[PDB]
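Trainee:
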Amino acid sequence: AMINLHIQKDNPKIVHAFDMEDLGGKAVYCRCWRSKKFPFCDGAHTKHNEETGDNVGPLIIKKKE
Amino acid sequence: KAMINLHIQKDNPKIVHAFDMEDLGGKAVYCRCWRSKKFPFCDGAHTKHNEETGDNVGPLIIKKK
Ligand code: FES
Ligand code: FES
């Protein structure tokens, strides 16, 4: 069973590379591949966890202050 | 129907990782397939997942400019 079901299925390996300056003060990244704002988290993991019984959540990268 | 995460910290109801940009050093490669033995970091387990399921998931790279 696949993890990603709809994102850029013409791409054989979806990879996102960012410079830390592109994150600003905080970036919240999607790790469930259900977000409408992918690679960013939009809270779609909540609906996925409720329907499948999963426990996935996002990745948060922020500035120290 | 089926879950994304199968074995990582199943006692945790929502797996979230939060880092300061200083904790990344020069480059961090984050897992988005939940198959890595070094989770939240990518160990290349996505290649085996993509080969077996026909998926196209890949990691998230955050680096210094
Ligand atoms: S929407 Fe995918 S982890 Fe939040
Ligand atoms: S091991 Fe999960 S994306 Fe590389």
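These protein sequences, in sequence, are chains A and B. Numbering of the first sequence is given in UniProt numbering, commencing with residue 43 and proceeding in unit increments. Numbering of the second sequence is given in UniProt numbering, commencing with residue 42 and proceeding in unit increments. Backbone N, C-alpha and C fix where the C-beta goes; we use that ideal spot for every residue, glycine too.
1. Is the CB-CB distance between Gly99(A) and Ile103(B) below 8 Å?
2. Could you check how far apart the C-beta atoms of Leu101(B) and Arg73(B) are, in whole angstroms? I think they sit under 8 Å.
3. Per the DSSP calculation, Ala69(B) is bridged to which residue(s)?
4. For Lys89(A), which residues from the same chain have a beta carbon less than 8 Å from its beta carbon, with the 5 sequence-adjacent residues on both sides left out?
5. What does DSSP give as the partner residues of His58(A) in its beta bridges?
6. Kindly list, in the order they appear in chain A, the residues whose Cβ is closer than 7 Å to that of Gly99(B).
7. What does the alpha-carbon distance come out to for the pair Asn91(A) and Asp61(B)?
8. My guess is that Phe80(A) and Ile49(A) are in contact by the Cβ rule of under 8 Å, so how many angstroms apart are they, rounded?
9. Look at the Cβ atom of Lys42(B), then the Cβ atom of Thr94(A), and state whether they are nearer than 8 Å.
10. So, is the C-beta of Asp84(A) closer than 8 Å to a C-beta in chain B?
Mentor: Here's the rundown:
1. Taking 8 Å as the cut-off, the Cβ atoms of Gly99(A) and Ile103(B) do not count as close.
2. With a Cβ gap of about 6 Å, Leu101(B) and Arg73(B) count as contacting.
3. Looking at the DSSP assignment, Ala69(B) forms a beta bridge with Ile103(B).
4. For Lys89(A), where only same-chain residues beyond five positions count, the Cβ hits under 8 Å are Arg76.
5. Residue pairing for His58(A): DSSP places it in a beta bridge opposite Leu101(B).
6. Those within 7 Å of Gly99(B) in chain A are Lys55, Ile56 and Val57.
7. When the Cα atoms are used, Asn91(A) and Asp61(B) turn out to be separated by approximately 26 Å.
8. About 6 Å separates the CB atoms of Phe80(A) and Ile49(A); that is less than 8 Å, so the two are in contact.
9. For the pair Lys42(B) and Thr94(A), the CB atoms are nearer than the 8 Å cut-off.
10. Closer than 8 Å: no.
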